[PDB]
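Whatever order the structure lists them in is the order used to number ligands and atoms, beginning at 1. Here, residue 1 is the first one in the sequence, and each next residue gets the next number.
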Amino acid sequence: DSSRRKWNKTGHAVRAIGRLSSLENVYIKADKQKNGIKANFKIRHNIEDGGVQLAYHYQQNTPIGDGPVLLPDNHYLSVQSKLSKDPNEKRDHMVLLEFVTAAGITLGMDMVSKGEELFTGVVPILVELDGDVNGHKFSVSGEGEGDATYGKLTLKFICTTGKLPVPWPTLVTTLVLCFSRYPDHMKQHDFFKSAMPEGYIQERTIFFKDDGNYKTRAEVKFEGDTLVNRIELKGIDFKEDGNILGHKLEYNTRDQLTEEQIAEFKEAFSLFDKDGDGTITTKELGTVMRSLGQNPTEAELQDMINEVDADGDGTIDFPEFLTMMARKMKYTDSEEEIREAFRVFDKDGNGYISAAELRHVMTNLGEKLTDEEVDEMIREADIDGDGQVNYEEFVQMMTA
Ligand SMILES: [Ca+2]
Ligand SMILES: [Ca+2]
Ligand SMILES: [Ca+2]
Ligand SMILES: [Ca+2]
Ligand SMILES: [Ca+2]
Ligand SMILES: [Ca+2]
Ligand SMILES: [Ca+2]
């Protein structure tokens, strides 16, 4: 009914602003002192029975050789991962499909390294990992190929030691960013290929929030025609029954993106896109945000758009909005993020969305609703019947 429908549209607009306010990409910066790069990013692992495990990544890369390399301007990589099982495989294994693209530098105002030439076709890949987490040792072998033209990787991994003592998803980032698609205007910022064929050292520390950490060191280089990733991993301070050693993480996160859900995203999109030209500008994003209480600067609005602007044109195209909302529904929000969403409606911070607060939000968004059909909205969400929406009830409206 067009009352549940109003929860979706308004709810979707609030999680869109949540997405636009978060940092989900792989942020690369030059590190002149090491002749390399450094990176930071946040990974989300869905917890099988509900919630999310965050993994905070810090990364450094260093050329193995003394050839000249490209030190980039600030940019990011966007990564889409799909995990699956080979139904003919009896060993503990993971099948990985990964697409990696560089963006985050807008179009305007101007080279292409020799390493880049090694990546114009399909390149075979080998991966070898030796790990030790809280004294539990394991090895992993992987094979596949990479197609940098489309930023595409296909890789199958076997645990050669028997049972993997951590969940496979926690190893994805560790187990070849030289396969990233860099667009034509950003070819001078591709450190990864510029270091080849002699290769780079890749190091990370990965902090699992409320749990232990991984430390990784990898050598990434050509052995003949093959791109080889050789890794050592050490994990300490894990909890025996946390999400990692207790294996409480989801293996396959669904890309179920229905025609019904796309249509719901288009309804939220059209709240931002008030002139109906199919794109959202800083002006339009600024207008919806001020209407909900917030007061961002031109610069903040430019950054928020930059975070999802795949084509660098300075606006959120409808397809870029569909891409960001698919990510937002594929991976679970932290409690801190759902509470932020709740506080948009819960104006006074008392733990309860009153019908006055919900209308304030609605009529502030230019949504004409009679006291009757505002009450229908509260009805829809209000399980415990107090005529208010508490946190646990909000968390129910905001689910698939
Ligand atoms: Ca580090
Ligand atoms: Ca527009
Ligand atoms: Ca764009
Ligand atoms: Ca465009
Ligand atoms: Ca939310
Ligand atoms: Ca309130
Ligand atoms: Ca209630």
Query raised in the report: Going by atom types alone, do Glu203 and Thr216 pair a side-chain donor with an acceptor below 3.5 Å?
Result: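 The criterion, which ignores hydrogens and geometry beyond distance, is not satisfied for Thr216 and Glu203.
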
Report task. May I ask you to establish whether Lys85 and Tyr251 are in a cation-pi arrangement, using a distance under 6.0 Å from NZ or CZ to the six-membered ring centre and at most 45° from the ring axis? Result ->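 The answer is yes; both the distance and angle limits are met.
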
Query raised in the report: Think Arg339 forms a cation-pi with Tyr391, using NZ or CZ under 6.0 Å from the six-ring centre and within 45 degrees of its axis?
Result: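 Yes; both conditions hold, so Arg339 lies above the ring face of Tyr391.
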
Query - Residue list, salt bridge (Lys or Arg N to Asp or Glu O under 4.0 Å) with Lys38, at least two apart or on another chain - result: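 Here no residue qualifies.
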
**Report entry** salt bridge (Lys or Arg N to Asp or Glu O under 4.0 Å) against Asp386, all qualifying residues, sequence neighbours excluded
**Finding:**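 Result, salt bridge (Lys or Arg N to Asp or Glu O under 4.0 Å) vs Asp386: none returned.
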
Query raised in the report: Protein N/O/S atoms under 3.0 Å of the Ca ion (ligand 2)?
Result: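 Result, waters dropped: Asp273 OD1, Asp275 OD1, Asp277 OD1, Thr279 O, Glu284 OE1, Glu284 OE2.
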
Query raised in the report: Within less than 3.0 Å of the Ca ion (ligand 6), any N, O or S from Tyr352?
Result: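 Yes, within the cut-off.
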
Query raised in the report: Looking at the Ca ion (ligand 6), is one of the N, O or S atoms of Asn350 less than 3.0 Å from it?
Result: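 Yes - counting backbone and side chain alike, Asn350 has an N, O or S atom under 3.0 Å.
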
Query raised in the report: Between OD1 of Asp346 and OD1 of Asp348, what angle is found at the Ca ion (ligand 6), rounded to 10 degrees?
Result: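 Vertex at the Ca ion (ligand 6): approximately 80°.
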
Exercise answer: donor-acceptor pairs, residues 278-289 side-chain atoms, under 3.5 Å, sequence neighbours excluded:
from: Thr279; atom 1: OG1; to: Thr315; atom 2: OG1; distance (Å): 2.8
from: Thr279; atom 1: OG1; to: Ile316; atom 2: O; distance (Å): 3.2
from: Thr281; atom 1: OG1; to: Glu284; atom 2: N; distance (Å): 3.2
from: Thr281; atom 1: OG1; to: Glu284; atom 2: OE1; distance (Å): 3.4
from: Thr282; atom 1: OG1; to: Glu298; atom 2: OE2; distance (Å): 3.3
from: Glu284; atom 1: OE1; to: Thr281; atom 2: N; distance (Å): 3.0
from: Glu284; atom 1: OE2; to: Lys274; atom 2: N; distance (Å): 3.3
from: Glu284; atom 1: OE2; to: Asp275; atom 2: N; distance (Å): 3.4
from: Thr287; atom 1: OG1; to: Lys283; atom 2: O; distance (Å): 3.0

Query raised in the report: Considering the options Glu367, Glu373, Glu267, which one meets the salt bridge (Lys or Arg N to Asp or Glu O under 4.0 Å) requirement together with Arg5?
Result: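 Single salt bridge (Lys or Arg N to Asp or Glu O under 4.0 Å) partner of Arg5 among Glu367, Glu373, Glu267: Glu267.
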
